[PDB]
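Here we start with a single chain on its own, the form solved without the named molecule, put down as structure tokens.
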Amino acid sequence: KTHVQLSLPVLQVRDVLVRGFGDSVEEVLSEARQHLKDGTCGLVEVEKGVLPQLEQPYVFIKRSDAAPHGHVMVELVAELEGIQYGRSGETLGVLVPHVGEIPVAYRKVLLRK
């Protein structure tokens, strides 16, 4: 199916054990598409002093369409040394590996896949 409905846990930053997905953008955009379809992908909301606490290259999720079934449209976007690769709308947060972290909140989305 072109698209897919998912429900990412929102994790508090101070408990993310694995603080990112890789060392090359190509690699964070692959472990991260992968821990998704396996339901092992969390989401940290961006606020101040959050993004210093996570390993680059960052994988964002960003609104790509102002929303079927109450699930937003998003696509991945990697960020490394100021350059975003991929083009997209509103940062809904950054994707990290969830490995047990108790959430505070789920976020429905819809993945161009």
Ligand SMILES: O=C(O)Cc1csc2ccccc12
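We number the residues from 1 along the sequence you see.
Keep in mind that the form deposited with the named molecule bound is not shown, yet the notes after this line are about it.
Residue contact with the named molecule in the entry with it bound: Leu36 places a heavy atom within 4.5 Å of it. Contact annotation: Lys108 falls outside 4.5 Å of the named molecule in the entry with it bound, judged by heavy atom distances. Although the named molecule is not shown here, in the entry with it bound the stretch 1-19 places heavy atoms of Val4, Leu6 within 4.5 Å of it, in sequence order.
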